[PDB]
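**Q** Data: input-v3.cif, mmCIF, C-alpha atoms and all ligand atoms.
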data_query
loop_
_atom_site.group_PDB
_atom_site.id
_atom_site.type_symbol
_atom_site.label_atom_id
_atom_site.label_comp_id
_atom_site.auth_asym_id
_atom_site.auth_seq_id
_atom_site.Cartn_x
_atom_site.Cartn_y
_atom_site.Cartn_z
ATOM 1 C CA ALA A 2 22.699 35.393 -69.544
ATOM 2 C CA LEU A 3 24.526 32.762 -67.513
ATOM 3 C CA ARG A 4 28.301 33.149 -67.415
ATOM 4 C CA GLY A 5 31.045 30.929 -66.036
ATOM 5 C CA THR A 6 34.496 31.849 -64.743
ATOM 6 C CA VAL A 7 36.415 29.277 -66.789
ATOM 7 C CA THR A 8 36.570 29.213 -70.567
ATOM 8 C CA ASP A 9 38.630 27.550 -73.302
ATOM 9 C CA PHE A 10 42.272 28.625 -73.398
ATOM 10 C CA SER A 11 43.463 30.284 -76.621
ATOM 11 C CA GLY A 12 46.506 28.749 -78.271
ATOM 12 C CA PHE A 13 45.838 25.410 -76.609
ATOM 13 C CA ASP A 14 48.453 22.724 -77.152
ATOM 14 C CA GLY A 15 47.463 19.497 -75.435
ATOM 15 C CA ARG A 16 50.806 17.805 -76.008
ATOM 16 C CA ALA A 17 52.735 20.785 -74.695
ATOM 17 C CA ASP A 18 50.478 20.896 -71.627
ATOM 18 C CA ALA A 19 50.945 17.165 -71.024
ATOM 19 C CA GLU A 20 54.743 17.511 -70.935
ATOM 20 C CA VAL A 21 54.469 20.302 -68.408
ATOM 21 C CA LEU A 22 52.345 18.063 -66.198
ATOM 22 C CA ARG A 23 54.777 15.171 -66.647
ATOM 23 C CA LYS A 24 57.802 17.244 -65.619
ATOM 24 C CA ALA A 25 55.903 18.506 -62.564
ATOM 25 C CA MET A 26 55.492 14.934 -61.283
ATOM 26 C CA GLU A 27 58.566 13.058 -62.524
ATOM 27 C CA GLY A 28 61.411 12.483 -60.087
ATOM 28 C CA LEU A 29 61.168 12.914 -56.326
ATOM 29 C CA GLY A 30 58.655 15.552 -55.298
ATOM 30 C CA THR A 31 55.687 17.344 -56.845
ATOM 31 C CA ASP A 32 55.388 20.826 -58.318
ATOM 32 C CA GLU A 33 51.845 21.605 -57.145
ATOM 33 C CA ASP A 34 51.885 25.233 -58.293
ATOM 34 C CA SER A 35 52.656 24.263 -61.872
ATOM 35 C CA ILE A 36 49.799 21.742 -61.881
ATOM 36 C CA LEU A 37 47.204 24.028 -60.287
ATOM 37 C CA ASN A 38 48.215 27.027 -62.388
ATOM 38 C CA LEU A 39 47.717 24.998 -65.557
ATOM 39 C CA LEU A 40 44.557 22.990 -64.855
ATOM 40 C CA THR A 41 42.527 25.929 -63.560
ATOM 41 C CA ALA A 42 43.324 27.844 -66.767
ATOM 42 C CA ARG A 43 41.988 25.183 -69.129
ATOM 43 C CA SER A 44 38.337 24.325 -69.762
ATOM 44 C CA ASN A 45 37.019 20.882 -68.817
ATOM 45 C CA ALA A 46 37.098 19.735 -72.446
ATOM 46 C CA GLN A 47 40.743 20.751 -72.747
ATOM 47 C CA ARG A 48 41.666 18.888 -69.545
ATOM 48 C CA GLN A 49 40.228 15.731 -71.128
ATOM 49 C CA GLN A 50 42.390 16.279 -74.212
ATOM 50 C CA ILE A 51 45.443 16.794 -72.024
ATOM 51 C CA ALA A 52 44.661 13.495 -70.295
ATOM 52 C CA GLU A 53 44.507 11.831 -73.699
ATOM 53 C CA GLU A 54 47.832 13.260 -74.949
ATOM 54 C CA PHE A 55 49.467 12.394 -71.623
ATOM 55 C CA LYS A 56 48.488 8.744 -72.060
ATOM 56 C CA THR A 57 49.557 8.774 -75.715
ATOM 57 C CA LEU A 58 53.011 10.197 -75.003
ATOM 58 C CA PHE A 59 53.814 8.307 -71.802
ATOM 59 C CA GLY A 60 51.429 5.375 -71.575
ATOM 60 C CA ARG A 61 50.440 6.681 -68.135
ATOM 61 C CA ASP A 62 47.043 7.663 -66.721
ATOM 62 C CA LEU A 63 47.124 11.342 -65.717
ATOM 63 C CA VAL A 64 44.412 11.127 -63.049
ATOM 64 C CA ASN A 65 45.916 8.047 -61.367
ATOM 65 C CA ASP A 66 49.340 9.693 -61.344
ATOM 66 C CA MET A 67 47.971 12.795 -59.654
ATOM 67 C CA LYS A 68 46.150 10.651 -57.093
ATOM 68 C CA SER A 69 49.617 9.299 -56.245
ATOM 69 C CA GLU A 70 51.327 12.695 -56.216
ATOM 70 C CA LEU A 71 48.662 14.802 -54.491
ATOM 71 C CA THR A 72 46.979 14.489 -51.110
ATOM 72 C CA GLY A 73 44.199 15.964 -48.994
ATOM 73 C CA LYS A 74 41.705 18.563 -50.182
ATOM 74 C CA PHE A 75 43.925 19.789 -53.010
ATOM 75 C CA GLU A 76 43.951 16.244 -54.372
ATOM 76 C CA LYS A 77 40.162 16.003 -54.183
ATOM 77 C CA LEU A 78 39.776 19.339 -55.961
ATOM 78 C CA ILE A 79 42.054 18.257 -58.833
ATOM 79 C CA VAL A 80 40.290 14.913 -59.246
ATOM 80 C CA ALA A 81 36.930 16.681 -59.385
ATOM 81 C CA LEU A 82 38.372 19.085 -61.978
ATOM 82 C CA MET A 83 39.482 16.156 -64.177
ATOM 83 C CA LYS A 84 36.048 14.572 -64.023
ATOM 84 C CA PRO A 85 34.265 14.991 -67.395
ATOM 85 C CA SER A 86 31.562 17.669 -67.146
ATOM 86 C CA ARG A 87 28.930 15.268 -68.500
ATOM 87 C CA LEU A 88 29.623 12.826 -65.668
ATOM 88 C CA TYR A 89 30.337 14.977 -62.611
ATOM 89 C CA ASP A 90 26.771 15.414 -61.337
ATOM 90 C CA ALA A 91 26.123 11.676 -61.803
ATOM 91 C CA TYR A 92 29.349 10.881 -59.960
ATOM 92 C CA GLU A 93 28.356 13.018 -56.977
ATOM 93 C CA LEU A 94 24.861 11.510 -56.859
ATOM 94 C CA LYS A 95 26.292 7.991 -57.074
ATOM 95 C CA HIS A 96 28.598 8.745 -54.138
ATOM 96 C CA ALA A 97 25.776 10.257 -52.087
ATOM 97 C CA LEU A 98 23.779 7.049 -52.462
ATOM 98 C CA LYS A 99 26.507 4.399 -52.180
ATOM 99 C CA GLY A 100 27.417 2.578 -48.992
ATOM 100 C CA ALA A 101 25.302 2.431 -45.842
ATOM 101 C CA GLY A 102 23.676 5.825 -45.394
ATOM 102 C CA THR A 103 23.071 8.573 -47.998
ATOM 103 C CA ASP A 104 24.113 12.217 -48.155
ATOM 104 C CA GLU A 105 20.658 13.734 -48.639
ATOM 105 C CA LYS A 106 21.896 17.310 -48.819
ATOM 106 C CA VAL A 107 23.655 16.241 -52.019
ATOM 107 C CA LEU A 108 20.571 14.584 -53.547
ATOM 108 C CA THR A 109 18.518 17.671 -52.653
ATOM 109 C CA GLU A 110 21.079 20.224 -53.844
ATOM 110 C CA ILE A 111 21.575 18.698 -57.292
ATOM 111 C CA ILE A 112 18.088 17.418 -58.130
ATOM 112 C CA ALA A 113 16.401 20.700 -57.124
ATOM 113 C CA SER A 114 18.862 23.080 -58.804
ATOM 114 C CA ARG A 115 19.318 21.304 -62.148
ATOM 115 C CA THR A 116 17.011 22.084 -65.077
ATOM 116 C CA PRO A 117 14.894 19.350 -66.745
ATOM 117 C CA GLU A 118 17.349 19.287 -69.654
ATOM 118 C CA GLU A 119 20.279 18.796 -67.274
ATOM 119 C CA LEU A 120 18.436 16.060 -65.362
ATOM 120 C CA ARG A 121 17.826 14.055 -68.543
ATOM 121 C CA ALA A 122 21.530 14.213 -69.402
ATOM 122 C CA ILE A 123 22.361 13.196 -65.825
ATOM 123 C CA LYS A 124 20.004 10.204 -65.891
ATOM 124 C CA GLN A 125 21.624 8.887 -69.099
ATOM 125 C CA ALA A 126 25.205 9.305 -67.906
ATOM 126 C CA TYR A 127 24.491 7.688 -64.570
ATOM 127 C CA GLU A 128 23.012 4.611 -66.251
ATOM 128 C CA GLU A 129 25.831 4.186 -68.787
ATOM 129 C CA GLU A 130 28.498 4.576 -66.104
ATOM 130 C CA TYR A 131 27.165 2.555 -63.207
ATOM 131 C CA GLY A 132 24.787 0.208 -64.989
ATOM 132 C CA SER A 133 21.808 1.039 -62.785
ATOM 133 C CA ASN A 134 18.782 3.315 -62.991
ATOM 134 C CA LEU A 135 19.144 6.578 -61.037
ATOM 135 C CA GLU A 136 15.459 6.714 -60.095
ATOM 136 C CA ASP A 137 15.595 3.143 -58.786
ATOM 137 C CA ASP A 138 18.650 3.874 -56.627
ATOM 138 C CA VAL A 139 17.009 7.010 -55.235
ATOM 139 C CA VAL A 140 13.788 5.163 -54.463
ATOM 140 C CA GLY A 141 15.830 2.484 -52.715
ATOM 141 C CA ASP A 142 17.638 4.932 -50.437
ATOM 142 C CA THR A 143 14.794 7.288 -49.461
ATOM 143 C CA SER A 144 11.191 7.218 -48.272
ATOM 144 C CA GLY A 145 8.035 9.213 -47.669
ATOM 145 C CA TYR A 146 7.111 12.441 -49.410
ATOM 146 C CA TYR A 147 10.769 13.390 -49.693
ATOM 147 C CA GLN A 148 11.261 10.386 -51.981
ATOM 148 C CA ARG A 149 8.114 11.205 -53.980
ATOM 149 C CA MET A 150 9.177 14.790 -54.530
ATOM 150 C CA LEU A 151 12.560 13.656 -55.759
ATOM 151 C CA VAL A 152 10.920 11.164 -58.167
ATOM 152 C CA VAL A 153 8.647 13.908 -59.502
ATOM 153 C CA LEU A 154 11.680 16.077 -60.257
ATOM 154 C CA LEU A 155 13.615 13.186 -61.814
ATOM 155 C CA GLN A 156 10.850 12.821 -64.416
ATOM 156 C CA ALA A 157 12.094 16.149 -65.811
ATOM 157 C CA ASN A 158 8.613 16.892 -67.142
ATOM 158 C CA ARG A 159 8.090 20.344 -65.675
ATOM 159 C CA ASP A 160 5.651 22.355 -67.795
ATOM 160 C CA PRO A 161 7.342 24.638 -70.319
ATOM 161 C CA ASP A 162 7.234 28.406 -69.866
ATOM 162 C CA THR A 163 4.375 29.863 -71.902
ATOM 163 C CA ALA A 164 2.023 32.829 -71.661
ATOM 164 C CA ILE A 165 0.832 33.340 -68.087
ATOM 165 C CA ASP A 166 -2.816 32.522 -67.304
ATOM 166 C CA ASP A 167 -3.928 34.772 -64.425
ATOM 167 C CA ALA A 168 -6.818 32.515 -63.413
ATOM 168 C CA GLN A 169 -4.533 29.486 -63.120
ATOM 169 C CA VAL A 170 -2.179 31.607 -61.023
ATOM 170 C CA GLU A 171 -5.023 32.478 -58.633
ATOM 171 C CA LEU A 172 -6.204 28.884 -58.614
ATOM 172 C CA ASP A 173 -2.756 27.508 -57.714
ATOM 173 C CA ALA A 174 -2.107 30.150 -55.023
ATOM 174 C CA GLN A 175 -5.437 29.463 -53.346
ATOM 175 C CA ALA A 176 -4.830 25.695 -53.601
ATOM 176 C CA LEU A 177 -1.521 26.055 -51.733
ATOM 177 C CA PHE A 178 -3.176 28.286 -49.135
ATOM 178 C CA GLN A 179 -5.877 25.641 -48.570
ATOM 179 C CA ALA A 180 -3.399 22.729 -48.538
ATOM 180 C CA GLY A 181 -1.231 24.272 -45.822
ATOM 181 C CA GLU A 182 -2.185 27.229 -43.604
ATOM 182 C CA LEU A 183 -5.950 26.578 -43.751
ATOM 183 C CA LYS A 184 -5.613 22.842 -43.204
ATOM 184 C CA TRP A 185 -5.306 20.973 -39.908
ATOM 185 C CA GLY A 186 -2.256 19.046 -40.938
ATOM 186 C CA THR A 187 -0.936 19.365 -44.498
ATOM 187 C CA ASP A 188 -1.753 18.156 -48.003
ATOM 188 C CA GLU A 189 1.820 17.393 -49.110
ATOM 189 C CA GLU A 190 0.676 15.795 -52.367
ATOM 190 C CA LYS A 191 -0.684 19.180 -53.462
ATOM 191 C CA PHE A 192 2.561 20.995 -52.711
ATOM 192 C CA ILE A 193 4.553 18.369 -54.652
ATOM 193 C CA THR A 194 2.378 18.372 -57.765
ATOM 194 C CA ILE A 195 2.293 22.171 -58.020
ATOM 195 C CA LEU A 196 5.901 22.949 -57.067
ATOM 196 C CA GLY A 197 7.246 19.998 -59.022
ATOM 197 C CA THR A 198 5.410 20.255 -62.360
ATOM 198 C CA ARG A 199 4.316 23.849 -63.005
ATOM 199 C CA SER A 200 6.517 26.037 -65.198
ATOM 200 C CA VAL A 201 9.130 28.308 -63.610
ATOM 201 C CA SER A 202 7.592 31.520 -64.920
ATOM 202 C CA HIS A 203 4.177 30.386 -63.656
ATOM 203 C CA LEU A 204 5.379 29.565 -60.131
ATOM 204 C CA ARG A 205 7.172 32.892 -59.811
ATOM 205 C CA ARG A 206 3.764 34.514 -60.262
ATOM 206 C CA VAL A 207 2.133 32.046 -57.873
ATOM 207 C CA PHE A 208 4.710 32.892 -55.198
ATOM 208 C CA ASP A 209 3.808 36.603 -55.344
ATOM 209 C CA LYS A 210 0.048 35.944 -55.408
ATOM 210 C CA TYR A 211 0.375 33.513 -52.479
ATOM 211 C CA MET A 212 2.151 36.271 -50.516
ATOM 212 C CA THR A 213 -0.618 38.708 -51.457
ATOM 213 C CA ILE A 214 -3.508 36.484 -50.376
ATOM 214 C CA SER A 215 -1.951 34.919 -47.252
ATOM 215 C CA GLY A 216 0.483 37.472 -45.882
ATOM 216 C CA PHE A 217 3.212 34.789 -45.816
ATOM 217 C CA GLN A 218 6.031 34.094 -48.282
ATOM 218 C CA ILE A 219 5.849 30.527 -49.549
ATOM 219 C CA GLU A 220 9.145 29.856 -47.697
ATOM 220 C CA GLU A 221 7.601 30.751 -44.330
ATOM 221 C CA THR A 222 4.592 28.469 -44.892
ATOM 222 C CA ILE A 223 6.930 25.600 -45.804
ATOM 223 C CA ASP A 224 8.848 26.050 -42.567
ATOM 224 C CA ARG A 225 5.562 26.295 -40.643
ATOM 225 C CA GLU A 226 3.980 23.246 -42.283
ATOM 226 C CA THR A 227 6.815 20.796 -42.965
ATOM 227 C CA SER A 228 10.011 19.422 -41.423
ATOM 228 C CA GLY A 229 12.881 17.035 -42.118
ATOM 229 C CA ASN A 230 14.227 16.229 -45.568
ATOM 230 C CA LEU A 231 10.966 17.283 -47.184
ATOM 231 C CA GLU A 232 11.258 20.828 -45.835
ATOM 232 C CA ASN A 233 14.832 21.173 -47.056
ATOM 233 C CA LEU A 234 13.903 19.917 -50.519
ATOM 234 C CA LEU A 235 10.826 22.152 -50.803
ATOM 235 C CA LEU A 236 12.881 25.178 -49.776
ATOM 236 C CA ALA A 237 15.563 24.260 -52.327
ATOM 237 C CA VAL A 238 12.987 23.954 -55.118
ATOM 238 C CA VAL A 239 11.321 27.276 -54.256
ATOM 239 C CA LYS A 240 14.702 29.012 -54.027
ATOM 240 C CA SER A 241 15.817 27.481 -57.321
ATOM 241 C CA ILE A 242 12.587 28.583 -59.028
ATOM 242 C CA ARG A 243 13.326 32.145 -57.906
ATOM 243 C CA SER A 244 17.015 31.945 -58.889
ATOM 244 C CA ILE A 245 19.404 29.026 -59.253
ATOM 245 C CA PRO A 246 22.484 31.302 -58.872
ATOM 246 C CA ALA A 247 20.956 32.723 -55.675
ATOM 247 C CA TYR A 248 20.263 29.266 -54.235
ATOM 248 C CA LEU A 249 23.785 27.980 -54.958
ATOM 249 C CA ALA A 250 25.320 31.213 -53.665
ATOM 250 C CA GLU A 251 23.451 30.534 -50.427
ATOM 251 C CA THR A 252 24.526 26.890 -50.435
ATOM 252 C CA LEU A 253 28.162 28.012 -50.577
ATOM 253 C CA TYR A 254 27.810 30.718 -47.928
ATOM 254 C CA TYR A 255 26.517 28.263 -45.330
ATOM 255 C CA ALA A 256 29.260 25.828 -46.304
ATOM 256 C CA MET A 257 31.849 28.285 -44.967
ATOM 257 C CA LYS A 258 29.517 29.384 -42.167
ATOM 258 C CA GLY A 259 31.384 29.680 -38.881
ATOM 259 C CA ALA A 260 33.626 26.939 -37.508
ATOM 260 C CA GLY A 261 35.401 24.855 -40.120
ATOM 261 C CA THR A 262 34.049 24.474 -43.640
ATOM 262 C CA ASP A 263 32.116 21.922 -45.695
ATOM 263 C CA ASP A 264 34.877 21.216 -48.209
ATOM 264 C CA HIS A 265 32.949 18.597 -50.182
ATOM 265 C CA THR A 266 30.155 21.101 -50.820
ATOM 266 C CA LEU A 267 32.613 23.892 -51.532
ATOM 267 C CA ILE A 268 34.382 21.769 -54.171
ATOM 268 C CA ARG A 269 31.215 20.405 -55.803
ATOM 269 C CA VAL A 270 29.571 23.797 -56.388
ATOM 270 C CA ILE A 271 32.689 25.611 -57.618
ATOM 271 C CA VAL A 272 33.646 22.786 -59.959
ATOM 272 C CA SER A 273 30.179 21.904 -61.267
ATOM 273 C CA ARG A 274 29.177 25.502 -62.058
ATOM 274 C CA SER A 275 32.567 26.912 -63.103
ATOM 275 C CA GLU A 276 31.576 26.745 -66.776
ATOM 276 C CA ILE A 277 27.896 27.604 -66.386
ATOM 277 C CA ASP A 278 26.866 30.315 -63.915
ATOM 278 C CA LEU A 279 29.603 30.700 -61.284
ATOM 279 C CA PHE A 280 29.952 34.321 -62.351
ATOM 280 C CA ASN A 281 26.273 34.952 -61.621
ATOM 281 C CA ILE A 282 26.624 33.054 -58.356
ATOM 282 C CA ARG A 283 29.371 35.542 -57.417
ATOM 283 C CA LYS A 284 27.105 38.541 -57.993
ATOM 284 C CA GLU A 285 24.261 37.001 -55.980
ATOM 285 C CA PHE A 286 26.742 36.156 -53.239
ATOM 286 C CA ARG A 287 28.059 39.711 -53.018
ATOM 287 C CA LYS A 288 24.573 41.230 -53.135
ATOM 288 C CA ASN A 289 23.139 39.064 -50.355
ATOM 289 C CA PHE A 290 26.062 38.638 -47.964
ATOM 290 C CA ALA A 291 27.933 41.959 -48.175
ATOM 291 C CA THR A 292 31.171 40.106 -48.997
ATOM 292 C CA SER A 293 32.718 38.605 -52.113
ATOM 293 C CA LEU A 294 32.939 34.836 -52.554
ATOM 294 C CA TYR A 295 36.676 35.242 -53.091
ATOM 295 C CA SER A 296 37.257 36.798 -49.660
ATOM 296 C CA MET A 297 35.080 34.173 -47.957
ATOM 297 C CA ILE A 298 37.186 31.403 -49.476
ATOM 298 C CA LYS A 299 40.371 33.444 -48.979
ATOM 299 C CA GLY A 300 39.983 33.298 -45.208
ATOM 300 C CA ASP A 301 38.360 29.883 -44.895
ATOM 301 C CA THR A 302 40.944 27.804 -46.801
ATOM 302 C CA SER A 303 44.719 27.250 -46.909
ATOM 303 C CA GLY A 304 47.607 26.205 -49.149
ATOM 304 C CA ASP A 305 47.472 24.927 -52.720
ATOM 305 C CA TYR A 306 43.797 24.034 -52.215
ATOM 306 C CA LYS A 307 43.177 27.715 -51.469
ATOM 307 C CA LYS A 308 45.232 28.941 -54.440
ATOM 308 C CA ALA A 309 43.384 26.584 -56.766
ATOM 309 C CA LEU A 310 39.913 27.605 -55.557
ATOM 310 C CA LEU A 311 40.686 31.320 -55.851
ATOM 311 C CA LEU A 312 41.878 31.016 -59.460
ATOM 312 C CA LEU A 313 38.747 29.075 -60.409
ATOM 313 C CA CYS A 314 36.471 31.480 -58.568
ATOM 314 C CA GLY A 315 38.233 34.691 -59.539
ATOM 315 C CA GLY A 316 36.796 38.131 -58.875
ATOM 316 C CA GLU A 317 39.116 39.510 -56.219
ATOM 317 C CA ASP A 318 36.984 42.663 -56.191
ATOM 318 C CA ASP A 319 33.285 41.648 -56.334
HETATM 319 CA CA CA B 401 56.895 12.767 -58.140
HETATM 320 CA CA CA B 402 22.974 4.230 -48.727
HETATM 321 CA CA CA B 403 -1.633 23.210 -41.729
HETATM 322 CA CA CA B 404 10.307 23.497 -39.924
HETATM 323 CA CA CA B 405 34.624 28.351 -41.820
#
Output the structure of this file as structure tokens.
**A**
Amino acid sequence: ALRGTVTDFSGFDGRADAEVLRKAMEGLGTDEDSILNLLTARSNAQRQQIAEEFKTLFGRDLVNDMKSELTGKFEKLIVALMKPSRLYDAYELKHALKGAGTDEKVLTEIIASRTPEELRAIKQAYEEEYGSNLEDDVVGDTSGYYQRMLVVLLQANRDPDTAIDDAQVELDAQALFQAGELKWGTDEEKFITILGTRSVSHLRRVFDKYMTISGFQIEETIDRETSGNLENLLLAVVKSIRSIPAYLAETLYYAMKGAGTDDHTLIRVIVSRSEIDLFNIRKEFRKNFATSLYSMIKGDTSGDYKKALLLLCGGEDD
């Protein structure tokens, strides 16, 4: 099934680890290698225990100390790595909504790729942490059908995968055909209801039937019928239905596409999926882009930041 690249470290000694981190920061200077070599070789749960022992032994906050010692991208990677797994997605969403503006590629990327079970956990954590309702903050920072689609997904009430009903597959495929290609204009409400609430296994069948009856892949029709945030979200949902690892592998690829690199996106994906499906993401990356994720990162990043990412990612050969 799904496989991550980071797992619990055998022979874990939180207190021992904490002292190593302390010695790497005490006195003038910072031993970045020691810190990165250790934190990327411990699971997220173990990092939290190290943070606890650190505070018990020295009465100091590990994260705050590292924010003082580290700088730049490397610092941001480490801070993201120390973020509790249960709160990371909520943290990112909160920071995509806060301030004047809103990073919609972040809202779209997370809300479309996370399962209903993950979204329920995210909604809870967000509320506890920031004292506000996630849905309400999303509604407040977005509008139109893009907003409605996001709200539909945030309900996390997608139908469960059951036995496939061929007639319902034909019905849904024809409904999409009629709502888009055969309509002057577009019936967005129809696309949202179907793509947002039908079961994954069901939609995979619908996608093939749609192709069969219309000659177009659902992705092409979406591009031909919609635009803006809505188009990006619909494409993300369709891609996620087909394969979450594939979608995220594509999200990463375009992050390091050409000039410069989208570091924020590079960090978020690697960190958030490290203990879930980053291994799968690697395989999908290699199979669709003729290169390994490792190499891509290897030539798109520099310094400690680079060394840290590579250890997390792994797979020098893929
Ligand atoms: Ca120091
Ligand atoms: Ca805003
Ligand atoms: Ca149309
Ligand atoms: Ca378009
Ligand atoms: Ca680049």
**Q** Could you work out how far atom CA of residue A:88 lies from atom CA of residue A:130, giving the answer in Å with one decimal?
**A** 8.3 Å
**Q** Within 12 Å of residue A:93, counting only C-alpha atoms, which residues show up once you throw out same-chain ones fewer than 4 positions away? Write them as a PyMOL selection string, please.
**A** chain A and resi 81+84+86-89+97-99+103-112+123+126-127+135+265-266+268-270+272-273
**Q** Go through A:223, A:165, A:154, A:245 and flag the residue nearest residue A:187, using all atoms listed in the file for the distances.
**A**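 Comparing A:223, A:165, A:154, A:245 against residue A:187, the winner is A:223.
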**Q** Considering all atoms listed in the file, state which residue in the set A:13, A:19, A:25, A:175 is at the smallest distance from ligand CA 401 (chain B).
**A**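 Among the listed residues, the smallest separation from ligand CA 401 (chain B) belongs to A:25.
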**Q** Enter the distance from atom CA of residue A:294 to atom CA of residue A:313, in Å, rounded to one decimal.
**A**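 Those two atoms sit 11.3 Å apart.
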**Q** Can you work out which residues are within 12 Å of ligand CA 401 (chain B), considering only C-alpha atoms and all ligand atoms, and then hand them over as a list in words?
**A**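 For ligand CA 401 (chain B), the residues inside 12 Å are residues 22, 23, 24, 25, 26, 27, 28, 29, 30, 31, 32, 33, 66, 67, 68, 69, 70 and 71 of chain A.
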**Q** Check which residues satisfy the PyMOL selection byres (((chain A and resi 279) around 8) and not hetatm) in the file shown, then give them as JSON, numbers by chain.
**A** {"A": [4, 5, 6, 246, 271, 274, 275, 276, 277, 278, 280, 281, 282, 283, 314]}
